[PDB]
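The chain that follows stands alone, in the form deposited in one PDB entry, written as structure tokens.
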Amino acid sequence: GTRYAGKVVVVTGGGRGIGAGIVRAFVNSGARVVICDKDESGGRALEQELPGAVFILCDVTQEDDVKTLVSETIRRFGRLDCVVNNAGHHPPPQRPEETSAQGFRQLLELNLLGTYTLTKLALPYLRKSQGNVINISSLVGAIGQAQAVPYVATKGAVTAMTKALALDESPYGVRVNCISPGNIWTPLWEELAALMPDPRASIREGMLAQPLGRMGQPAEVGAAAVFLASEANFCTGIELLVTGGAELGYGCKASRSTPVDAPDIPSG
């Protein structure tokens, strides 16, 4: 209710999904939240519903949109306490030979360099408030994912960059942390499933990937983000897993295209 009262927070990609869940969580903790999104529709709907959230149209791949975002946040609200780098994209499944260097560069511009550019421009103000940075990475940056080489690379970069930033900003008392969600039910997840030959079977496989037996919710990532900003004052450079246990224990991993022998020859 007052956990982060009067702090100014920027959330990129805050118009839907996990970002909207983070926006709602910070508004509920008393913050002024600047929603950054390339999509006017969801950001305007959130700005009208939530007093304390304002919407600024901004594409994080455009350096001038981000400079204006930071410039307007300071002009209109006088300070900056927390940046949540959430804007990102997961392409449909793609084998390595179905990827291009150009597609990889485009994904790096959004998932990695948008996060880098806003952080860099925000740091002079975060240093003045002893604020903090939260990056939304992914579990698959840590354990890999099939048919997702460009995406996995961008999220490994984000998690590592979080630790480098944590070391660079610790002399100012500025913390830098990341959240690595596993499977979270969002519009992105729904849109990816809808491209599969059996969307609900794909969703069910997504649920069975967790020992808890379900996907996570945006509100659960949101609560983790408010914790990191407002109560984790001795945490920096950590990777907070919000994954339902998906990384634990053995599971069925050998793919449908993978030659697997009968169990009378178990080790080749």
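Don't overthink the numbering: it's just position in the shown sequence, from 1. Between two forms, the rigid core is defined as the largest C-alpha subset superposing within 1.5 Å.
When the C-alpha B-factors of 76-84 and 147-155 are averaged, 76-84 comes out higher. Averaged over Cα atoms, the B-factor as recorded in the entry is higher for 55-63 than for the other of 55-63 and 236-244.
If you compare the C-alpha temperature factors of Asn183, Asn177, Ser180, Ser71 in the entry, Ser71 comes out highest. The residue among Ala229, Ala45, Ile203, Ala209 whose C-alpha atom has the highest B-factor in the PDB entry is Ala45. Remark: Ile22 belongs to the lowest third of its chain, ranked by C-alpha B-factor as recorded. Per the PDB record, residue ranking by Cα B-factor puts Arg127 in the middle third of the chain. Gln217: CA B factor in the lowest third of modelled residues in this chain (values from the PDB entry). In this PDB entry, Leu112 carries a Cα temperature factor that places it within the middle third of its chain's modelled residues. In the deposited entry, the Cα temperature factor of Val140 places it in the lowest third of its chain's modelled residues.
From this point on, the text means the form deposited in another entry, which you will not see here.
Checking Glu98, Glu72, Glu109, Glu191 for C-alpha shifts of 2 Å or more between the shown form and the other one, after the rigid core is superposed, gives a single hit: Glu191. The rigid-core alignment places the CA of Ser202 2 Å or more apart between the shown form and the other one.
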